[PDB]
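A.B. asks: One structure, pasted below without further comment.
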Amino acid sequence: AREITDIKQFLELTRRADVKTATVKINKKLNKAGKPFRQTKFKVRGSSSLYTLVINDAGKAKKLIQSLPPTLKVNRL
Amino acid sequence: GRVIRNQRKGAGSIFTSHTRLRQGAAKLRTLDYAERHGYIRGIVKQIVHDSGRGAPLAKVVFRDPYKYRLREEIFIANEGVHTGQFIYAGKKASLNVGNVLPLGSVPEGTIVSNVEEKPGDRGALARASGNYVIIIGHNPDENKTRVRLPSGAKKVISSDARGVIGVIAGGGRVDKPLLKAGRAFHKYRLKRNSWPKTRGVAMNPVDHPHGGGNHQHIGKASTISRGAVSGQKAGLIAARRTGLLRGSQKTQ
Amino acid sequence: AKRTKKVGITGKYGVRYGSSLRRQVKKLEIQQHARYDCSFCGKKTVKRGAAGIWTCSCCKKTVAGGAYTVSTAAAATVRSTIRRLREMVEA
Amino acid sequence: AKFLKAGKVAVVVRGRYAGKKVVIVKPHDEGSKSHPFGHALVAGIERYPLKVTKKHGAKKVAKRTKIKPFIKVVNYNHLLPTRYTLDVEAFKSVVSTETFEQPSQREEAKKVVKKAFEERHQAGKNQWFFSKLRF
Amino acid sequence: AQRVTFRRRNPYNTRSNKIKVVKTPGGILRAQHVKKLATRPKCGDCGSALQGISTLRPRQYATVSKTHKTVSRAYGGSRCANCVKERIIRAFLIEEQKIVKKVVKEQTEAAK
RNA sequence: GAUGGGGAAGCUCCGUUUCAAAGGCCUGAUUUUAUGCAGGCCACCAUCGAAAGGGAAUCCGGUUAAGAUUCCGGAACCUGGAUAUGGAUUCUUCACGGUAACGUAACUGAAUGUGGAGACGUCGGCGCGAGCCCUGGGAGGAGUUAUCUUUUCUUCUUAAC
RNA sequence: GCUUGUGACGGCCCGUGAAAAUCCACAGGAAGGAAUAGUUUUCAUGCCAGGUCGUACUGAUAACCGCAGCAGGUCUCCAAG
RNA sequence: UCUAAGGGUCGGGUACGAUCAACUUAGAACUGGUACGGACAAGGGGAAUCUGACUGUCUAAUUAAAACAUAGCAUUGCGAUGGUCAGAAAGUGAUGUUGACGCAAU
Ligand SMILES: [Mg+2]
Ligand SMILES: [Mg+2]
Ligand SMILES: [Mg+2]
Ligand SMILES: [Mg+2]
Ligand SMILES: [Mg+2]
Ligand SMILES: [Mg+2]
Ligand SMILES: [Mg+2]
Ligand SMILES: [Mg+2]
Ligand SMILES: [Mg+2]
Ligand SMILES: [Mg+2]
Ligand SMILES: [Mg+2]
Ligand SMILES: [Mg+2]
Ligand SMILES: [Mg+2]
Ligand SMILES: [Mg+2]
Ligand SMILES: [Mg+2]
Ligand SMILES: [Mg+2]
Ligand SMILES: [Mg+2]
Ligand SMILES: [Mg+2]
Ligand SMILES: [Mg+2]
Ligand SMILES: [Mg+2]
Ligand SMILES: [Mg+2]
Ligand SMILES: [Mg+2]
Ligand SMILES: [Mg+2]
Ligand SMILES: [Mg+2]
Ligand SMILES: [Mg+2]
Ligand SMILES: [Mg+2]
Ligand SMILES: [Mg+2]
Ligand SMILES: [Mg+2]
Ligand SMILES: [Mg+2]
Ligand SMILES: [Mg+2]
Ligand SMILES: [Mg+2]
Ligand SMILES: [Mg+2]
Ligand SMILES: [Mg+2]
Ligand SMILES: [Mg+2]
Ligand SMILES: [Mg+2]
Ligand SMILES: [Mg+2]
Ligand SMILES: [Mg+2]
Ligand SMILES: [Mg+2]
Ligand SMILES: [Mg+2]
Ligand SMILES: [Mg+2]
Ligand SMILES: [Mg+2]
Ligand SMILES: [Mg+2]
Ligand SMILES: [Mg+2]
Ligand SMILES: [Mg+2]
Ligand SMILES: [Mg+2]
Ligand SMILES: [Mg+2]
Ligand SMILES: [Mg+2]
Ligand SMILES: [Mg+2]
Ligand SMILES: [Mg+2]
Ligand SMILES: [Mg+2]
Ligand SMILES: [Zn+2]
């Protein structure tokens, strides 16, 4: 139900006790008017809400993805 | 022979009153200490239409002398009493429109409404849109006051009996021709099942003392005795005279 | 463009009911629908709201009064008499 | 007089502090560059001393008599000028223009006026000024 | 073209059976029932819909923080501010005139 | 339509808050112990009566030979109950800010009182929303092509929350 | 444009067009509550639970009522060029 | 097949320009076996007499009328310890959440 943007505030969620699952979705999308790029949504399934963090930047993405809790059960795509 | 129409009304079935929409029964305050030793103030918090009544009602609220809270009475609004106006009720109350005083405390010629027959009966006389009673005089020893009702009837009552100064609003409602069946219809739709009326003369003999005949006609005198019996009384009951009232009326 | 010789508002009723009945009604309708002067705030913004109930556009005061007019002649002469009589009992 | 001067009591008549009583301590009778209106800087009483009685003893008395003050810049068209009047010398300095702007300044200010108002309540000076206006 | 059906059993157009059409991610029209509208709470004093106060159906007010049910000042969620201004003034003046009628008739009792 | 009642030979009739000693809650008092009494209220006095009136809260996709707002999947929400962690608040104890209308993530509140909502006709034009209808471009699939038509048809959707 | 929803208005009345459960708010301030550490679940997040009965289909020139698979009767929503 | 009239949006120191999008109406030519609201859709009119004013009502299943009702007009009863009406009775009931600008009865 909820969307998120503070990339630290998100990081805190990913370790918020009741969070067993997560999912990473990748989408082709366009930019301004010309070229395309690679959108990527970070979805933490809370017990009461499903949080999703859009990272527009492909670079920010990759480095974020590694930081994902090494105990967290993430579904890729 | 069938039971005739006026008899059927007594058993109250389709004939009862159409009561759902009505604001409440209108009554003066209960006759407590304050109202018969001093006065007590209220405020008309709203004047408002009562369904099937022709005069507006006035919701007027007071304090409970005995408990912390408001108690709201329902009054019949006299003419020219207005929202937010202060309302005074009591023996020792003042003589303006809207207030309510024992008839003992008002000079002759006072004009008052919703007047009690007995004290603390919370209003009985002159309540219909327009009417009032007039004080024609008092008699201090064995205390009474005499009034002339809307009927014209003189009648004397206890001077402790309360009245409210003024006449009742909505005067002249009966001046405007109803004009079409519908208005009468909607009129009674909020009173009772009294309309429209079949003439007994249009019915059969089972139906009425006026029923039958090969031409429509009453057949015998239609002045019926006081001592007549149920199912007999149709027409001009107890009538002591009859016909076009030639001449001025007005109680001598 | 004067619209009718004489029936005024009574036009709705067309030819029905008969002149006299309509005359009488026109009188009292013209009374009730009319807009009146407010005794309290001074603006003429009192229109009627059901038989007997006269209330004010702005300032929202409601005065009980005549069935189709704000002040009925009867109540008027009462007002004066209550004046008169009250006079006596303070002086 | 130009009756909105140094020590007038007045009742705030809008916004939170509505119905509460104040003292004028400084009057900007004409404008600010901001505050484009005649306006007073007042110290008022936000949470009055509750009543106290013989039944009240020792500490409960100490408790009942605590006062929550307040200070405010306010348009003249929000005070009822009152016939009453109380002295404002203890906190002339305390309630400044410069006292508003930057919160900590306002907090220390109220601290004084809190101690200022409570001294004044014991030995019932201005007794009226210490009783909620009811409405 | 595409038509639609009620979703509850009640077939009739009563206030509590308002409908509203809607396109789904299936790409088809379907009814959806629409609860009767909130009405704004009213200043129980002058009567106006009173400002600053969110507007729900009554039970739904228990599902909302108090800052949706008041404005700050005294008689907050209750009366219309301008209404309170009146309250304040009238109270003050009357309480004062109270005193003026005291010492005036207090003078009389001694001057007669 | 039961009840204290009143009629009636009786089946029963009347009455519904009415000539009635009509009841139950908040917690304190217990640290013999579970719940006696201590306050203080509240005198509202059965109940039945709406599958169209009032009314806490759910949606979209998928699935069956026959069920689906009920299963599956996903995402919500309400009510009762428990409860801790974070935040807020406090040395000026019970939030600040804004002249003000008012703001907010919070920001103690018993009895008692009061206010709102629930909650309300009908017709008329005006204004706006939604869905439908009409239509340009492009991206597809279809039909007609002796002849003519950058064509004719169709797909291009987005729930509650 | 069509249908529906809604708003600010206006016309009408001797017609002025339910009730109750229920939810909230306010006035009140009984009480209770901190500096060696208090108060706070109307902010957020977190934990458990939600019973009973109905849910098929017809709703009509054949599933209902008219002796019947009767040209009759029988409340309603959606509505293309 | 032509013509004229009726609109929207922008920038102008403190007269005009630019484009976008609507069927309404009136006029003018041409044109045909004089037809053209081409199907569908869709009032006969007039002069009087009788009778009920009107809209409304009824004999389901032989009478829809001039019959009933109606507004309007007039008469009667009644101030509650009451009028009129209900019940076998009654600490019973309708009008009555009522009060003569009312209720009841012709
Ligand atoms: Mg009744
Ligand atoms: Mg009838
Ligand atoms: Mg008759
Ligand atoms: Mg008749
Ligand atoms: Mg006959
Ligand atoms: Mg006879
Ligand atoms: Mg006979
Ligand atoms: Mg006969
Ligand atoms: Mg005859
Ligand atoms: Mg407070
Ligand atoms: Mg299509
Ligand atoms: Mg269904
Ligand atoms: Mg409707
Ligand atoms: Mg808000
Ligand atoms: Mg608010
Ligand atoms: Mg019984
Ligand atoms: Mg029930
Ligand atoms: Mg129901
Ligand atoms: Mg229902
Ligand atoms: Mg489905
Ligand atoms: Mg199955
Ligand atoms: Mg099915
Ligand atoms: Mg599921
Ligand atoms: Mg789930
Ligand atoms: Mg909960
Ligand atoms: Mg804060
Ligand atoms: Mg209430
Ligand atoms: Mg209400
Ligand atoms: Mg309703
Ligand atoms: Mg929903
Ligand atoms: Mg329709
Ligand atoms: Mg209205
Ligand atoms: Mg509310
Ligand atoms: Mg105590
Ligand atoms: Mg919560
Ligand atoms: Mg249970
Ligand atoms: Mg089904
Ligand atoms: Mg079938
Ligand atoms: Mg058949
Ligand atoms: Mg043009
Ligand atoms: Mg010409
Ligand atoms: Mg006829
Ligand atoms: Mg006819
Ligand atoms: Mg027949
Ligand atoms: Mg027969
Ligand atoms: Mg006919
Ligand atoms: Mg026939
Ligand atoms: Mg006739
Ligand atoms: Mg005649
Ligand atoms: Mg008896
Ligand atoms: Zn006025």
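FYI, nothing fancy with the structure tokens labels: chains A, B, ... in order, residues from 1 per chain, ligands from 1 as they appear.
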Write out as a list in words each polymer residue (protein, DNA or RNA) that has an atom no more than 12 Å from ligand 31, with only C-alpha atoms (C1' of nucleotides) and all ligand atoms counted.

C.D. replies: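 So, counting only C-alpha atoms (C1' of nucleotides) and all ligand atoms, the residues near ligand 31 are residues 12 and 13 of chain E; 2, 3, 4, 76, 77, 78 and 79 of chain G.
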
A.B. asks: Neighbouring residues of ligand 19 are defined here as those with any atom at most 9 Å from a ligand atom, counting only C-alpha atoms (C1' of nucleotides) and all ligand atoms; list them as a PyMOL selection string.

C.D. replies: (chain E and resi 16) or (chain F and resi 50-55)

A.B. asks: Write the residues you've just listed into a file as a PDB file, in the first residue's frame, and include N, CA, C and O atoms (P, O5', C5', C4', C3', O3' and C1' of nucleotides) for each of them.

C.D. replies:
ATOM      1  N   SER E  16     -29.288   3.545  -0.036  1.00  0.00           N
ATOM      2  CA  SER E  16     -28.237   2.635   0.393  1.00  0.00           C
ATOM      3  C   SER E  16     -27.801   1.663  -0.694  1.00  0.00           C
ATOM      4  O   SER E  16     -27.037   0.732  -0.428  1.00  0.00           O
TER       5      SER E  16
ATOM      6  P     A F  50     -38.652  -7.183  11.229  1.00  0.00           P
ATOM      7  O5'   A F  50     -38.239  -6.471   9.887  1.00  0.00           O
ATOM      8  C5'   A F  50     -38.781  -6.918   8.674  1.00  0.00           C
ATOM      9  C4'   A F  50     -38.605  -5.875   7.638  1.00  0.00           C
ATOM     10  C3'   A F  50     -37.194  -5.773   7.076  1.00  0.00           C
ATOM     11  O3'   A F  50     -37.244  -5.524   5.689  1.00  0.00           O
ATOM     12  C1'   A F  50     -37.895  -3.707   7.876  1.00  0.00           C
ATOM     13  P     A F  51     -37.133  -6.730   4.654  1.00  0.00           P
ATOM     14  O5'   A F  51     -35.810  -7.500   5.078  1.00  0.00           O
ATOM     15  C5'   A F  51     -34.542  -6.866   5.019  1.00  0.00           C
ATOM     16  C4'   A F  51     -33.690  -7.454   3.932  1.00  0.00           C
ATOM     17  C3'   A F  51     -34.408  -7.659   2.602  1.00  0.00           C
ATOM     18  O3'   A F  51     -33.483  -7.502   1.543  1.00  0.00           O
ATOM     19  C1'   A F  51     -33.540  -9.692   3.342  1.00  0.00           C
ATOM     20  P     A F  52     -32.838  -6.086   1.177  1.00  0.00           P
ATOM     21  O5'   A F  52     -33.805  -4.979   1.776  1.00  0.00           O
ATOM     22  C5'   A F  52     -34.853  -4.419   1.000  1.00  0.00           C
ATOM     23  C4'   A F  52     -34.544  -3.009   0.589  1.00  0.00           C
ATOM     24  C3'   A F  52     -34.909  -1.966   1.599  1.00  0.00           C
ATOM     25  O3'   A F  52     -34.128  -0.838   1.244  1.00  0.00           O
ATOM     26  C1'   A F  52     -36.360  -1.786  -0.248  1.00  0.00           C
ATOM     27  P     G F  53     -33.122  -0.148   2.285  1.00  0.00           P
ATOM     28  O5'   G F  53     -34.128   0.740   3.145  1.00  0.00           O
ATOM     29  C5'   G F  53     -34.734   1.912   2.612  1.00  0.00           C
ATOM     30  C4'   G F  53     -34.952   2.916   3.705  1.00  0.00           C
ATOM     31  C3'   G F  53     -33.747   3.126   4.628  1.00  0.00           C
ATOM     32  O3'   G F  53     -32.835   4.114   4.162  1.00  0.00           O
ATOM     33  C1'   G F  53     -35.644   2.571   5.928  1.00  0.00           C
ATOM     34  P     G F  54     -31.241   3.902   4.335  1.00  0.00           P
ATOM     35  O5'   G F  54     -31.028   3.920   5.918  1.00  0.00           O
ATOM     36  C5'   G F  54     -30.804   5.134   6.604  1.00  0.00           C
ATOM     37  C4'   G F  54     -30.556   4.915   8.071  1.00  0.00           C
ATOM     38  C3'   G F  54     -29.215   4.333   8.447  1.00  0.00           C
ATOM     39  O3'   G F  54     -28.188   5.292   8.447  1.00  0.00           O
ATOM     40  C1'   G F  54     -30.902   3.238   9.661  1.00  0.00           C
ATOM     41  P     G F  55     -26.784   4.908   7.794  1.00  0.00           P
ATOM     42  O5'   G F  55     -26.289   3.678   8.658  1.00  0.00           O
ATOM     43  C5'   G F  55     -26.007   3.813  10.038  1.00  0.00           C
ATOM     44  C4'   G F  55     -25.614   2.485  10.619  1.00  0.00           C
ATOM     45  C3'   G F  55     -24.315   1.909  10.073  1.00  0.00           C
ATOM     46  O3'   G F  55     -23.667   1.149  11.087  1.00  0.00           O
ATOM     47  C1'   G F  55     -26.093   0.436   9.599  1.00  0.00           C
TER      48        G F  55
END

A.B. asks: Can you tell me which residues surround residue 97 (chain H) at a distance of at most 9 Å, considering only C-alpha atoms (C1' of nucleotides), apart from same-chain residues fewer than 4 positions away, and format the answer as a ChimeraX atom specification?

C.D. replies: /B:19-20,22-26

A.B. asks: Write a file of the just-selected residues containing N, CA, C and O atoms, as a compact mmCIF listing (two decimals), in the first residue's frame.

C.D. replies:
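Result went into part_38.txt, see below:
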# COMPACT_ATOMS: atom_id res chain seq x y z
N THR B 19 -50.06 11.41 13.10
CA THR B 19 -49.39 12.00 14.20
C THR B 19 -47.87 12.02 14.07
O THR B 19 -47.19 12.73 14.83
N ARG B 20 -47.36 11.26 13.10
CA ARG B 20 -45.93 10.98 12.99
C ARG B 20 -45.08 12.23 12.97
O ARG B 20 -44.12 12.35 13.71
N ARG B 22 -45.48 15.31 14.02
CA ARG B 22 -45.78 16.47 14.84
C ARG B 22 -44.74 16.78 15.88
O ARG B 22 -44.13 15.88 16.45
N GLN B 23 -44.52 18.06 16.11
CA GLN B 23 -43.37 18.47 16.88
C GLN B 23 -43.37 17.95 18.30
O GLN B 23 -42.32 17.83 18.93
N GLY B 24 -44.56 17.64 18.79
CA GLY B 24 -44.76 17.32 20.19
C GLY B 24 -46.08 17.93 20.60
O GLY B 24 -46.69 18.65 19.80
N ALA B 25 -46.57 17.63 21.80
CA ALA B 25 -47.71 18.39 22.31
C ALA B 25 -47.22 19.69 22.90
O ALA B 25 -46.18 19.73 23.56
N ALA B 26 -47.96 20.75 22.66
CA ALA B 26 -47.59 22.05 23.19
C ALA B 26 -48.18 22.16 24.57
O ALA B 26 -49.32 21.77 24.78

A.B. asks: List the spatial neighbours of residue 99 (chain F) as a VMD selection string - criterion: any atom at most 9 Å away, only C-alpha atoms (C1' of nucleotides), same-chain residues fewer than 4 positions off excluded.

C.D. replies: chain D and resid 35 to 37 39 73 to 78

A.B. asks: Include N, CA, C and O atoms and write out the residues we just selected as a CSV table (one decimal), in the first residue's frame.

C.D. replies:
chain,number,residue,atom,x,y,z
D,35,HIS,N,4.0,42.3,10.5
D,35,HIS,CA,2.9,42.7,11.2
D,35,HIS,C,2.3,44.1,10.8
D,35,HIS,O,2.3,45.0,11.6
D,36,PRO,N,1.7,44.1,9.6
D,36,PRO,CA,1.3,45.4,9.0
D,36,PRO,C,0.0,45.9,9.6
D,36,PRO,O,-1.0,46.2,8.9
D,37,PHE,N,0.0,46.0,11.0
D,37,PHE,CA,-1.2,46.4,11.7
D,37,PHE,C,-0.8,46.8,13.2
D,37,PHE,O,0.2,46.3,13.7
D,39,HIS,N,-0.6,46.5,16.9
D,39,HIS,CA,-0.5,45.2,17.5
D,39,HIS,C,0.2,45.3,18.8
D,39,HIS,O,1.2,46.1,18.9
D,73,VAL,N,2.5,38.2,20.2
D,73,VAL,CA,2.2,39.4,19.4
D,73,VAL,C,0.8,39.3,18.8
D,73,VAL,O,0.4,38.3,18.2
D,74,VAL,N,0.0,40.3,19.0
D,74,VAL,CA,-1.4,40.2,18.5
D,74,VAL,C,-2.0,41.5,18.1
D,74,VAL,O,-2.0,42.5,18.8
D,75,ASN,N,-2.5,41.6,16.9
D,75,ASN,CA,-3.4,42.6,16.3
D,75,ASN,C,-4.3,43.2,17.4
D,75,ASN,O,-4.9,42.5,18.2
D,76,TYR,N,-4.4,44.5,17.4
D,76,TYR,CA,-5.3,45.1,18.4
D,76,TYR,C,-6.8,44.7,18.3
D,76,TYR,O,-7.6,44.7,19.2
D,77,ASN,N,-7.1,44.3,17.1
D,77,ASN,CA,-8.4,43.8,16.8
D,77,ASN,C,-8.7,42.4,17.2
D,77,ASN,O,-9.5,41.7,16.7
D,78,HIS,N,-7.9,42.0,18.3
D,78,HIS,CA,-8.1,40.7,18.9
D,78,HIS,C,-8.1,40.8,20.4
D,78,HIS,O,-8.2,39.8,21.1

A.B. asks: Quick one: residues within 12 Å of ligand 25, with only C-alpha atoms (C1' of nucleotides) and all ligand atoms, as a VMD selection string?

C.D. replies: (chain E and resid 62 to 63) or (chain F and resid 77 to 83) or (chain G and resid 41 46 to 49)

A.B. asks: Can you work out which residues are within 8 Å of ligand 12, considering only C-alpha atoms (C1' of nucleotides) and all ligand atoms, and then hand them over as a VMD selection string?

C.D. replies: chain E and resid 6 to 9

A.B. asks: With C-alpha atoms retained, export the selected residues as a short mmCIF file (atom, residue, chain, number, x, y, z; two decimals), in the first residue's frame.

C.D. replies:
data_model
loop_
_atom_site.label_atom_id
_atom_site.label_comp_id
_atom_site.auth_asym_id
_atom_site.auth_seq_id
_atom_site.Cartn_x
_atom_site.Cartn_y
_atom_site.Cartn_z
CA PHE E 6 -26.09 -4.84 -8.94
CA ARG E 7 -23.74 -6.70 -6.62
CA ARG E 8 -25.87 -7.11 -3.50
CA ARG E 9 -29.16 -9.01 -3.67
#
